[PDB]
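S.K.: Dropping in model.tsv, with TSV, C-alpha atoms and all ligand atoms.
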chain	number	residue	atom	x	y	z
A	1	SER	CA	0.00	0.00	0.00
A	2	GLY	CA	3.05	2.27	0.12
A	3	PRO	CA	5.03	3.77	3.00
A	4	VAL	CA	3.47	6.20	5.46
A	5	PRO	CA	4.62	9.81	4.90
A	6	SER	CA	6.64	11.71	7.49
A	7	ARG	CA	7.50	15.37	8.18
A	8	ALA	CA	10.40	16.65	10.24
A	9	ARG	CA	9.01	18.04	13.48
A	10	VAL	CA	11.35	21.06	13.51
A	11	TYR	CA	12.61	23.36	10.79
A	12	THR	CA	10.07	21.65	8.54
A	13	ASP	CA	9.38	24.48	6.09
A	14	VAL	CA	12.54	26.53	6.47
A	15	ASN	CA	13.59	26.01	2.86
A	16	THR	CA	10.18	26.70	1.34
A	17	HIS	CA	10.39	30.22	2.77
A	18	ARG	CA	13.85	30.89	1.25
A	19	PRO	CA	14.40	32.21	-2.29
A	20	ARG	CA	14.78	29.37	-4.74
A	21	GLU	CA	18.48	30.14	-5.20
A	22	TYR	CA	19.04	29.18	-1.55
A	23	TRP	CA	18.35	25.48	-2.12
A	24	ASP	CA	18.29	25.17	-5.93
A	25	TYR	CA	21.99	24.38	-6.00
A	26	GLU	CA	21.69	22.85	-9.45
A	27	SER	CA	21.54	26.38	-10.88
A	28	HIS	CA	24.28	27.81	-8.65
A	29	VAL	CA	27.09	29.44	-10.67
A	30	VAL	CA	30.59	28.72	-9.31
A	31	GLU	CA	33.21	31.46	-9.53
A	32	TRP	CA	36.59	29.75	-9.74
A	33	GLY	CA	39.73	31.12	-8.10
A	34	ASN	CA	43.22	30.31	-9.35
A	35	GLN	CA	44.79	27.10	-8.12
A	36	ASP	CA	48.23	28.70	-8.43
A	37	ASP	CA	47.38	30.64	-5.29
A	38	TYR	CA	48.22	27.42	-3.41
A	39	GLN	CA	51.11	24.97	-3.19
A	40	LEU	CA	50.39	21.53	-1.79
A	41	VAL	CA	52.55	20.54	1.20
A	42	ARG	CA	51.56	17.04	2.38
A	43	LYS	CA	48.74	14.51	2.12
A	44	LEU	CA	46.37	14.43	5.07
A	45	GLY	CA	44.57	11.20	4.19
A	46	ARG	CA	41.03	10.22	3.15
A	47	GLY	CA	39.97	8.55	-0.08
A	48	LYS	CA	36.84	7.34	-1.84
A	49	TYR	CA	35.21	10.78	-2.21
A	50	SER	CA	38.33	12.98	-2.30
A	51	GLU	CA	41.96	13.40	-1.38
A	52	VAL	CA	42.86	15.93	1.27
A	53	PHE	CA	46.09	17.91	1.42
A	54	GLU	CA	47.62	20.49	3.65
A	55	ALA	CA	48.53	23.47	1.45
A	56	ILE	CA	50.06	26.93	1.69
A	57	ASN	CA	48.42	30.03	0.28
A	58	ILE	CA	51.53	31.68	-1.13
A	59	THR	CA	49.90	35.12	-0.92
A	60	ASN	CA	49.62	35.31	2.90
A	61	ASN	CA	51.78	32.29	3.82
A	62	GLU	CA	48.93	30.96	5.99
A	63	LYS	CA	48.19	27.25	6.19
A	64	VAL	CA	45.13	25.93	4.33
A	65	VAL	CA	43.34	22.61	3.73
A	66	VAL	CA	42.65	21.47	0.17
A	67	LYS	CA	40.18	18.73	-0.72
A	68	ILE	CA	40.67	17.53	-4.29
A	69	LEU	CA	37.23	16.28	-5.29
A	70	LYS	CA	36.96	12.85	-6.82
A	71	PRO	CA	35.02	12.59	-10.07
A	72	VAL	CA	31.31	12.83	-9.26
A	73	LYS	CA	28.23	14.45	-10.81
A	74	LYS	CA	28.78	18.18	-11.28
A	75	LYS	CA	25.60	18.75	-9.26
A	76	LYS	CA	26.94	16.93	-6.23
A	77	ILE	CA	29.84	19.40	-6.34
A	78	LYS	CA	27.52	22.38	-6.69
A	79	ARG	CA	25.48	20.90	-3.85
A	80	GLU	CA	28.41	20.74	-1.44
A	81	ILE	CA	29.64	24.16	-2.53
A	82	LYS	CA	26.27	25.78	-1.94
A	83	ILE	CA	25.73	24.12	1.45
A	84	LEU	CA	29.17	25.31	2.48
A	85	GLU	CA	28.48	28.81	1.22
A	86	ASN	CA	25.07	28.81	2.95
A	87	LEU	CA	26.55	27.60	6.26
A	88	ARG	CA	29.57	29.93	6.21
A	89	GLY	CA	30.15	31.51	9.61
A	90	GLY	CA	27.98	28.99	11.46
A	91	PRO	CA	29.11	27.77	14.88
A	92	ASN	CA	31.67	24.99	14.50
A	93	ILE	CA	31.07	24.64	10.73
A	94	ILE	CA	34.19	24.32	8.58
A	95	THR	CA	34.71	27.44	6.48
A	96	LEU	CA	35.30	27.37	2.73
A	97	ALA	CA	37.95	29.88	1.69
A	98	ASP	CA	38.00	29.28	-2.08
A	99	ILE	CA	37.19	26.98	-5.00
A	100	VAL	CA	39.73	26.21	-7.74
A	101	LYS	CA	40.23	23.93	-10.72
A	102	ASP	CA	43.40	22.29	-12.01
A	103	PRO	CA	44.77	24.34	-14.96
A	104	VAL	CA	45.21	21.15	-17.03
A	105	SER	CA	43.35	18.21	-15.36
A	106	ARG	CA	40.16	20.35	-14.92
A	107	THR	CA	39.75	18.65	-11.52
A	108	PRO	CA	37.87	20.86	-9.01
A	109	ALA	CA	39.18	21.42	-5.50
A	110	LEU	CA	37.76	23.01	-2.34
A	111	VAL	CA	40.06	25.13	-0.18
A	112	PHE	CA	39.22	25.26	3.52
A	113	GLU	CA	40.31	27.10	6.63
A	114	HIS	CA	43.00	25.31	8.57
A	115	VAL	CA	42.47	23.51	11.83
A	116	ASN	CA	45.04	21.25	13.48
A	117	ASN	CA	44.60	17.80	11.93
A	118	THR	CA	43.21	15.92	14.93
A	119	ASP	CA	39.77	14.35	14.58
A	120	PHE	CA	37.55	12.79	17.21
A	121	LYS	CA	38.38	9.08	16.77
A	122	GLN	CA	41.94	9.57	17.96
A	123	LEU	CA	42.15	11.86	20.98
A	124	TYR	CA	40.08	9.03	22.49
A	125	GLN	CA	41.54	7.67	25.73
A	126	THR	CA	42.64	11.24	26.59
A	127	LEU	CA	39.01	12.39	26.93
A	128	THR	CA	37.58	12.82	30.42
A	129	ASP	CA	33.86	12.68	31.19
A	130	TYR	CA	33.76	16.48	31.04
A	131	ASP	CA	35.60	16.49	27.68
A	132	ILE	CA	32.97	14.21	26.13
A	133	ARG	CA	30.19	16.49	27.36
A	134	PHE	CA	31.95	19.61	26.08
A	135	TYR	CA	32.70	18.22	22.61
A	136	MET	CA	29.25	16.65	22.33
A	137	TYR	CA	27.75	20.06	23.09
A	138	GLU	CA	29.99	21.70	20.48
A	139	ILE	CA	28.81	19.15	17.90
A	140	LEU	CA	25.18	19.87	18.85
A	141	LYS	CA	25.83	23.55	18.22
A	142	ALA	CA	26.86	22.80	14.63
A	143	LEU	CA	24.04	20.30	14.13
A	144	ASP	CA	21.33	22.65	15.32
A	145	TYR	CA	22.63	25.50	13.17
A	146	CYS	CA	22.69	23.54	9.92
A	147	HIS	CA	19.30	21.99	10.74
A	148	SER	CA	17.80	25.44	11.38
A	149	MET	CA	19.29	26.37	7.97
A	150	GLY	CA	17.32	23.58	6.26
A	151	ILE	CA	20.31	21.25	5.84
A	152	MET	CA	21.00	17.72	7.11
A	153	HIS	CA	24.61	16.55	7.30
A	154	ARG	CA	24.05	12.79	6.71
A	155	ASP	CA	27.65	11.63	7.40
A	156	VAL	CA	28.09	12.40	11.09
A	157	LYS	CA	30.88	10.18	12.50
A	158	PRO	CA	34.12	10.66	14.46
A	159	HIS	CA	36.33	11.07	11.36
A	160	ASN	CA	34.24	14.17	10.52
A	161	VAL	CA	34.73	16.00	13.83
A	162	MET	CA	38.02	17.88	13.78
A	163	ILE	CA	39.26	19.15	17.13
A	164	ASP	CA	42.09	21.35	18.35
A	165	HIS	CA	42.36	20.19	21.97
A	166	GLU	CA	44.90	22.83	22.97
A	167	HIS	CA	42.29	25.53	22.18
A	168	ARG	CA	39.01	23.55	22.71
A	169	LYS	CA	38.20	24.19	19.02
A	170	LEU	CA	35.88	21.89	17.05
A	171	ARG	CA	34.72	21.89	13.40
A	172	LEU	CA	32.13	19.66	11.69
A	173	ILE	CA	33.64	18.76	8.30
A	174	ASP	CA	32.88	16.79	5.11
A	175	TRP	CA	29.62	18.20	3.74
A	176	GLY	CA	29.87	16.04	0.60
A	177	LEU	CA	26.79	13.99	1.52
A	178	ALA	CA	24.72	16.86	2.92
A	179	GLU	CA	21.28	17.65	1.49
A	180	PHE	CA	18.60	20.31	1.88
A	181	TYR	CA	15.56	19.10	3.77
A	182	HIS	CA	12.23	19.44	1.94
A	183	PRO	CA	8.94	18.22	3.48
A	184	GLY	CA	7.89	15.08	1.66
A	185	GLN	CA	11.04	14.49	-0.37
A	186	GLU	CA	12.18	10.85	-0.69
A	187	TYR	CA	15.96	10.74	-0.17
A	188	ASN	CA	18.62	8.24	-1.18
A	189	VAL	CA	19.37	5.88	1.70
A	190	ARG	CA	22.96	4.91	0.71
A	191	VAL	CA	24.46	7.72	2.78
A	192	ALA	CA	26.45	7.68	6.05
A	193	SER	CA	29.01	5.14	7.25
A	194	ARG	CA	27.59	1.71	8.14
A	195	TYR	CA	28.16	2.01	11.90
A	196	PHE	CA	26.36	5.37	11.95
A	197	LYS	CA	23.50	4.57	9.53
A	198	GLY	CA	20.13	5.22	11.14
A	199	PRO	CA	17.52	2.45	11.03
A	200	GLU	CA	15.44	4.41	8.51
A	201	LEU	CA	18.34	4.05	6.09
A	202	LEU	CA	18.73	0.34	6.85
A	203	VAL	CA	15.02	-0.49	6.23
A	204	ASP	CA	14.83	1.77	3.15
A	205	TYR	CA	12.49	4.42	4.63
A	206	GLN	CA	13.34	7.36	2.39
A	207	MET	CA	11.20	10.21	3.73
A	208	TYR	CA	13.68	10.92	6.53
A	209	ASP	CA	14.89	14.21	7.93
A	210	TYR	CA	17.32	15.93	10.31
A	211	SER	CA	16.74	13.30	13.00
A	212	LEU	CA	19.08	11.01	11.04
A	213	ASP	CA	21.99	13.14	12.24
A	214	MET	CA	20.76	12.62	15.81
A	215	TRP	CA	20.95	8.83	15.48
A	216	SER	CA	24.51	9.11	14.23
A	217	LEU	CA	25.39	11.34	17.16
A	218	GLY	CA	23.92	8.72	19.49
A	219	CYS	CA	26.22	6.09	18.01
A	220	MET	CA	29.25	8.31	18.69
A	221	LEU	CA	28.12	9.04	22.25
A	222	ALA	CA	27.65	5.36	22.96
A	223	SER	CA	31.06	4.29	21.69
A	224	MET	CA	32.70	7.00	23.76
A	225	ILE	CA	31.07	6.59	27.18
A	226	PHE	CA	31.19	2.78	26.77
A	227	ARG	CA	34.64	2.68	25.11
A	228	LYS	CA	33.42	0.22	22.47
A	229	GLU	CA	34.27	1.49	18.96
A	230	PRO	CA	32.08	1.22	16.95
A	231	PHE	CA	29.16	0.54	19.28
A	232	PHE	CA	26.99	-1.14	16.63
A	233	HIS	CA	29.65	-3.09	14.73
A	234	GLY	CA	27.80	-4.80	11.90
A	235	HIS	CA	29.61	-6.70	9.16
A	236	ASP	CA	27.32	-5.26	6.43
A	237	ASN	CA	24.25	-3.04	6.08
A	238	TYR	CA	21.87	-5.93	6.78
A	239	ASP	CA	23.75	-7.37	9.77
A	240	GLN	CA	24.02	-3.76	11.01
A	241	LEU	CA	20.32	-3.74	11.81
A	242	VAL	CA	20.61	-7.10	13.59
A	243	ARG	CA	23.29	-5.63	15.83
A	244	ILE	CA	21.02	-2.69	16.57
A	245	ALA	CA	18.12	-5.03	17.33
A	246	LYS	CA	20.20	-7.10	19.76
A	247	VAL	CA	20.38	-3.90	21.86
A	248	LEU	CA	17.19	-1.89	21.19
A	249	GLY	CA	15.13	-5.10	21.03
A	250	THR	CA	12.94	-6.29	18.15
A	251	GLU	CA	9.64	-5.26	19.80
A	252	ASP	CA	10.16	-1.57	18.96
A	253	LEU	CA	11.73	-2.40	15.60
A	254	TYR	CA	8.55	-4.08	14.43
A	255	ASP	CA	6.30	-1.39	15.91
A	256	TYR	CA	8.24	1.17	13.87
A	257	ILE	CA	7.92	-1.00	10.77
A	258	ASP	CA	4.16	-1.10	11.40
A	259	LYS	CA	3.73	2.56	12.27
A	260	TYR	CA	5.25	3.71	8.97
A	261	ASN	CA	3.98	0.70	7.06
A	262	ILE	CA	7.49	-0.19	5.88
A	263	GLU	CA	7.83	-3.24	3.64
A	264	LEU	CA	10.89	-5.13	4.88
A	265	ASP	CA	13.41	-6.89	2.67
A	266	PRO	CA	12.36	-10.59	2.69
A	267	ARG	CA	16.02	-11.05	3.67
A	268	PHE	CA	15.62	-9.69	7.22
A	269	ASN	CA	12.65	-12.04	7.56
A	270	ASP	CA	15.21	-14.67	8.64
A	271	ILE	CA	17.96	-12.77	10.48
A	272	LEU	CA	16.27	-10.37	12.92
A	273	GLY	CA	14.95	-12.98	15.34
A	274	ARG	CA	13.41	-12.04	18.69
A	275	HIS	CA	15.50	-9.80	20.97
A	276	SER	CA	14.63	-8.07	24.22
A	277	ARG	CA	15.64	-4.46	24.75
A	278	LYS	CA	18.77	-4.42	26.87
A	279	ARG	CA	19.35	-2.11	29.83
A	280	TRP	CA	22.38	0.08	29.24
A	281	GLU	CA	23.88	-1.26	32.46
A	282	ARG	CA	24.95	-4.40	30.60
A	283	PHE	CA	27.58	-2.38	28.65
A	284	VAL	CA	29.02	-0.79	31.82
A	285	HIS	CA	32.25	-2.21	33.26
A	286	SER	CA	35.17	-1.13	35.42
A	287	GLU	CA	37.19	0.49	32.63
A	288	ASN	CA	34.34	2.87	31.62
A	289	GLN	CA	32.18	3.50	34.72
A	290	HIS	CA	34.02	6.80	35.15
A	291	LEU	CA	32.30	7.95	31.90
A	292	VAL	CA	28.79	6.61	32.60
A	293	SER	CA	26.18	8.44	34.67
A	294	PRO	CA	22.38	8.51	34.94
A	295	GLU	CA	22.53	11.78	32.96
A	296	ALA	CA	24.58	10.31	30.10
A	297	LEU	CA	22.47	7.15	30.06
A	298	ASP	CA	19.21	9.10	29.91
A	299	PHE	CA	20.57	11.33	27.12
A	300	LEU	CA	21.90	8.38	25.08
A	301	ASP	CA	18.61	6.46	25.28
A	302	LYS	CA	16.82	9.55	23.93
A	303	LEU	CA	19.02	9.60	20.83
A	304	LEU	CA	18.97	5.91	19.83
A	305	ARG	CA	15.35	5.32	18.73
A	306	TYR	CA	14.12	3.45	15.66
A	307	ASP	CA	11.30	5.97	15.11
A	308	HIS	CA	13.16	9.05	13.83
A	309	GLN	CA	10.47	11.30	15.28
A	310	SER	CA	10.97	10.36	18.92
A	311	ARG	CA	14.67	11.21	18.89
A	312	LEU	CA	15.68	14.43	20.59
A	313	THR	CA	16.20	17.35	18.28
A	314	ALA	CA	19.55	19.13	18.46
A	315	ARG	CA	18.00	21.93	20.53
A	316	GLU	CA	16.32	19.46	22.93
A	317	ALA	CA	19.61	17.60	23.34
A	318	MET	CA	21.35	20.86	24.11
A	319	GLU	CA	19.01	21.37	27.05
A	320	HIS	CA	19.54	17.92	28.55
A	321	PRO	CA	20.83	17.77	32.16
A	322	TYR	CA	23.87	16.00	30.70
A	323	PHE	CA	25.15	19.44	29.59
A	324	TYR	CA	24.30	21.51	32.68
A	325	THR	CA	27.81	22.13	33.94
A	326	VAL	CA	29.17	22.78	30.46
A	327	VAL	CA	26.26	25.20	29.94
A	328	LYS	CA	27.10	26.83	33.28
A	329	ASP	CA	30.86	27.01	32.69
A	330	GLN	CA	30.42	28.41	29.20
A	331	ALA	CA	28.75	31.48	30.77
A	401	LIG	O1	49.77	19.06	-7.32
A	401	LIG	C1	48.67	19.15	-7.93
A	401	LIG	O2	47.66	18.38	-7.86
A	401	LIG	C2	48.51	20.37	-8.77
A	401	LIG	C3	48.23	21.41	-7.86
A	401	LIG	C4	49.17	22.30	-7.39
A	401	LIG	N1	48.57	23.18	-6.46
A	401	LIG	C5	47.25	22.81	-6.33
A	401	LIG	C6	46.29	23.38	-5.55
A	401	LIG	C7	45.07	22.81	-5.62
A	401	LIG	CL1	43.89	23.53	-4.60
A	401	LIG	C8	44.73	21.71	-6.42
A	401	LIG	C9	45.72	21.15	-7.20
A	401	LIG	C10	47.01	21.69	-7.18
A	402	LIG	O1	35.87	19.53	4.45
A	402	LIG	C1	36.00	18.32	4.07
A	402	LIG	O2	35.09	17.52	3.84
A	402	LIG	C2	37.44	17.76	3.82
A	402	LIG	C3	38.36	17.66	4.98
A	402	LIG	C4	38.92	16.46	5.42
A	402	LIG	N1	39.78	16.68	6.53
A	402	LIG	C5	39.77	18.04	6.81
A	402	LIG	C6	40.46	18.70	7.82
A	402	LIG	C7	40.25	20.06	7.86
A	402	LIG	CL1	41.12	20.96	9.13
A	402	LIG	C8	39.41	20.77	6.97
A	402	LIG	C9	38.74	20.07	5.98
A	402	LIG	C10	38.89	18.70	5.86
Give the structure from this file in structure tokens form.
Ligand SMILES: O=C(O)Cc1c[nH]c2cc(Cl)ccc12
Ligand SMILES: O=C(O)Cc1c[nH]c2cc(Cl)ccc12

M.R.:
Amino acid sequence: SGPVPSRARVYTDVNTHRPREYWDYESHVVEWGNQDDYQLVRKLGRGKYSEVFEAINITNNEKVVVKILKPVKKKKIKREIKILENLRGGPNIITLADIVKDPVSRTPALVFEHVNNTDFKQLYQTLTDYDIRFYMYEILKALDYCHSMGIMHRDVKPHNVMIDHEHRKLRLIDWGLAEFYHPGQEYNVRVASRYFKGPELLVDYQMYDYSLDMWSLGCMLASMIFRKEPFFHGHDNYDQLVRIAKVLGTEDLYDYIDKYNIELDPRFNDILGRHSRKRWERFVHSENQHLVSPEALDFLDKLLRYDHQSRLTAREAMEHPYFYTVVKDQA
């Protein structure tokens, strides 16, 4: 009979009330700078979607980050460029300084502000319980801003949180998968990294919204406070839902399926089984108790929900008791 429709419950119509140029990135006109403004210094890593380099702007001798874009539809490039341009100056959003194209190889490249190459996956065992709360809050700042701007990130994971610990600086990067949210649009589900893929993606429910970023945040939170990385470690996209179900239980999984009238892959028919919902206490142990509290546990539970609509929004998360002393200290 077809899936049941769904609307985001915050920032639902933000993009409708913008000029078309705001979200119609397909017609955006890129103005290209000169790639001879920059000399590449060293490779910073990454693959698949790009190759990232540290680079010097010869004009001001200031360090810069250059993402050579790997061949993909021109519109996906315009999309990322326009989302970046739209989010420029947002709290903890990476800042685009320029766009250039190889003189010969016509390959486009994005030039970014520099931040000290340390992302969130490393920096791990050095994080205290207050550090987790402070960096989680900083990520929520960036998530709530882009959401309020009609944009969902869709690849939230530790490799995409850059941090300068010495200055408590954090930047949400990689906007290459980000989309504008439009009420009633059916989105591609092959986004995100497996361990951070929301259930909606795994059961092919396409009318999803910002709350997908909140699931992915929940996955990060869990692996940190429990010191199990990743927390849902599935061997593929299908087994990734089974891992989730072994923890959230199958009762709620199937109520979600029913509520939105989702037709499940006949596959899953044989692998999901019956699984109670576990109490978070079962993942607590002596090496991570110092990171677990009633506050963290309450907050985590409120992010990891099958039903994308019962997950906390960014702004609700930011008001959770979990963040009280970071909210206090920051003022
Ligand atoms: O070494 C290269 O690939 C050529 C090249 C020199 N400087 C650049 C700056 C950008 Cl942004 C992109 C490509 C280049
Ligand atoms: O923006 C992106 O998607 C590319 C990227 C990968 N690693 C980085 C580190 C910094 Cl500091 C700035 C930007 C990047």

S.K.: Mind listing the residues within 6 Å of ligand LIG 402 (chain A), all atoms listed in the file counted, as a PyMOL selection string?

M.R.: chain A and resi 52+65+67+112+114-117+173-175

S.K.: Using all atoms listed in the file, pick whichever of A:257, A:56, A:192, A:314 has the shortest atom-to-atom distance to ligand LIG 401 (chain A).

M.R.: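 That would be A:56, the residue with the smallest distance to ligand LIG 401 (chain A).
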
S.K.: Output the neighbourhood of ligand LIG 401 (chain A) as a VMD selection string, that is, all protein and nucleic acid residues with some atom at most 7 Å from the ligand, counting only C-alpha atoms and all ligand atoms.

M.R.: chain A and resid 35 to 36 38 to 40 66 68 100 to 102 109 to 111

S.K.: I'd like the contact shell of segment 303-306 of chain A - 6 Å cut-off, all atoms listed in the file, skipping same-chain residues fewer than 4 positions apart - returned as a list in words.

M.R.: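 Once the adjacent positions are removed, what remains is residues 199, 215, 218, 311 and 312 of chain A.
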
S.K.: Which polymer residues have any atom within 9 Å of an atom of residue 90 of chain A, counting all atoms listed in the file, with same-chain residues fewer than 5 positions away left out, as a PyMOL selection string?

M.R.: chain A and resi 95+141-142+145-146

S.K.: For atom CA of residue 25 of chain A and atom CA of residue 170 of chain A, quote the distance in Å rounded to one decimal.

M.R.: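 We find that atom CA of residue 25 of chain A and atom CA of residue 170 of chain A lie 27.0 Å from each other.
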
S.K.: Suppose you want the space between atom CA of residue 222 of chain A and atom CA of residue 276 of chain A; what is it in Å?

M.R.: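 Result for atom CA of residue 222 of chain A versus atom CA of residue 276 of chain A: 18.7 Å, one decimal.
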
S.K.: Leaving out residue 213 of chain A and any residue of its chain fewer than 5 positions from it, which residues lie within 9 Å of it when counting all atoms listed in the file, given as a count of residues only?

M.R.: 10

S.K.: Would you list the contacts of segment 315-317 of chain A as a VMD selection string, taking every protein, DNA or RNA residue within 12 Å and counting all atoms listed in the file, but skipping same-chain residues closer than 3 positions in sequence?

M.R.: chain A and resid 10 to 11 133 136 to 148 210 to 211 214 to 215 217 to 218 295 to 296 298 to 303 310 to 312 320 to 324

S.K.: For residue 75 of chain A, which residue among A:30, A:242, A:248, A:162 is the nearest when counting all atoms listed in the file?

M.R.: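 Closest residue, counting all atoms listed in the file: A:30.
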
S.K.: Determine, counting only C-alpha atoms, which protein, DNA and RNA residues have an atom within 8 Å of an atom of residue 226 of chain A; residues of the same chain fewer than 5 positions away are not included. Present the result as a list in words.

M.R.: residues 283, 284, 288, 291 and 292 of chain A

S.K.: Can you spit out the residues from that selection as a compact mmCIF listing (two decimals), keeping the file's coordinate frame, using C-alpha atoms?

M.R.:
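Saved to selection-v2.txt:
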# COMPACT_ATOMS: atom_id res chain seq x y z
CA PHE A 283 27.58 -2.38 28.65
CA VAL A 284 29.02 -0.79 31.82
CA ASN A 288 34.34 2.87 31.62
CA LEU A 291 32.30 7.95 31.90
CA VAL A 292 28.79 6.61 32.60

S.K.: Could you check which of A:253, A:97, A:83, A:132 is closest to residue 62 of chain A, using all atoms listed in the file?

M.R.: A:97

S.K.: One number please: atom CA of residue 165 of chain A to atom CA of residue 58 of chain A, in Å, one decimal.

M.R.: 27.4 Å

S.K.: Out of A:51, A:234, A:134, A:23, which residue has the shortest atom-to-atom distance to residue 168 of chain A when counting only C-alpha atoms?

M.R.: A:134

S.K.: Hey, which of A:113, A:26, A:129, A:119 ends up closest to residue 80 of chain A? Count only C-alpha atoms.

M.R.: A:26

S.K.: Output: segment 119-143 of chain A of the preceding structure, restricted to C-alpha atoms, written as a PDB file, in the first residue's frame.

M.R.:
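Now in part-v1.pdb:
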ATOM      1  CA  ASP A 119      39.771  14.353  14.581  1.00  0.00           C
ATOM      2  CA  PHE A 120      37.548  12.785  17.210  1.00  0.00           C
ATOM      3  CA  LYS A 121      38.379   9.077  16.772  1.00  0.00           C
ATOM      4  CA  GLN A 122      41.940   9.566  17.962  1.00  0.00           C
ATOM      5  CA  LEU A 123      42.149  11.860  20.985  1.00  0.00           C
ATOM      6  CA  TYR A 124      40.080   9.033  22.492  1.00  0.00           C
ATOM      7  CA  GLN A 125      41.542   7.672  25.732  1.00  0.00           C
ATOM      8  CA  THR A 126      42.643  11.238  26.587  1.00  0.00           C
ATOM      9  CA  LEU A 127      39.005  12.392  26.926  1.00  0.00           C
ATOM     10  CA  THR A 128      37.575  12.816  30.419  1.00  0.00           C
ATOM     11  CA  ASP A 129      33.861  12.680  31.187  1.00  0.00           C
ATOM     12  CA  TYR A 130      33.762  16.484  31.044  1.00  0.00           C
ATOM     13  CA  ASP A 131      35.598  16.494  27.683  1.00  0.00           C
ATOM     14  CA  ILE A 132      32.971  14.207  26.132  1.00  0.00           C
ATOM     15  CA  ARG A 133      30.193  16.487  27.361  1.00  0.00           C
ATOM     16  CA  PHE A 134      31.952  19.610  26.076  1.00  0.00           C
ATOM     17  CA  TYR A 135      32.699  18.222  22.605  1.00  0.00           C
ATOM     18  CA  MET A 136      29.252  16.646  22.331  1.00  0.00           C
ATOM     19  CA  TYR A 137      27.753  20.059  23.094  1.00  0.00           C
ATOM     20  CA  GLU A 138      29.992  21.701  20.480  1.00  0.00           C
ATOM     21  CA  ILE A 139      28.814  19.154  17.899  1.00  0.00           C
ATOM     22  CA  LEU A 140      25.184  19.868  18.852  1.00  0.00           C
ATOM     23  CA  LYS A 141      25.830  23.551  18.218  1.00  0.00           C
ATOM     24  CA  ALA A 142      26.858  22.800  14.630  1.00  0.00           C
ATOM     25  CA  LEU A 143      24.037  20.302  14.130  1.00  0.00           C
TER      26      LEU A 143
END
